[PDB]
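Residue numbers (the deposited numbering): 424 to 510. Just so you know, even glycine gets a beta-carbon here, dropped at the ideal spot from N, CA and C.
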DNA sequence: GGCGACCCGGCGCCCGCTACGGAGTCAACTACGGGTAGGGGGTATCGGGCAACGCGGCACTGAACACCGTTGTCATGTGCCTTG
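#1: For the region 433-465, which segments carrying the alpha helix (DSSP H) assignment without a break, of at least 4 residues, lie completely within its bounds, in sequence order?
#2: Determine the direct distance from the alpha carbon of residue 441 to that of residue 483, and round the result to whole angstroms.
#3: Which class does residue 497 belong to by DSSP, given the choice of helix, strand or coil?
#4: Between the Cα of residue 444 and those of 459, 432, 430, 425, spot the shortest distance and give me the residue it belongs to.
#5: Give me the Cα-Cα distance between residue 432 and residue 476, rounded to the nearest whole angstrom.
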């Protein structure tokens, strides 16, 4: 069957979740939060940049600028060795 | 007319696992009518990229004072020489 949850894949996904969440915890609180909402780690629906700029109280271009800032920071080789292997 | 065999159905099972071949199938027709489903066409709505402002760290503004620190300064005290 195809509907079976392969234990190896499920456990790898859980480990990826934990490692990624730790990596965001390395980032600043606001930066980690905004990138999380932009990619919906907390909830299955990611929020657009303007969509993030309502609960947090930032403007769509301001939140956009920090989204660019988050993507850069997670792109430095520091917080990249761990997540390269998980793909 | 309940016993009785007998008859019959009817059923029930028939050690363990791995490991180990392939495969794949004979007989209507057309007309309509709708409804949906897709196609492009065009349109309101949401999202991403630049100019003006605000900060914020520090930095300069040294300017204006302060902190030691220094050789200015000195009227006023020991030591030798001359005279009582």
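Taking the definition as stated:
#1: Counting only runs of 4 or more residues that sit fully inside the region 433-465, the alpha helix (DSSP H) segments are 452-462, in chain order.
#2: Going from the Cα of residue 483 to the Cα of residue 441 covers about 29 Å.
#3: Judged by DSSP in its simplified three-state form, residue 497 adopts coil rather than helix or strand.
#4: With distances taken between Cα atoms, residue 444 lies closest to 459.
#5: Using only the alpha carbons, I get a separation of about 35 Å.
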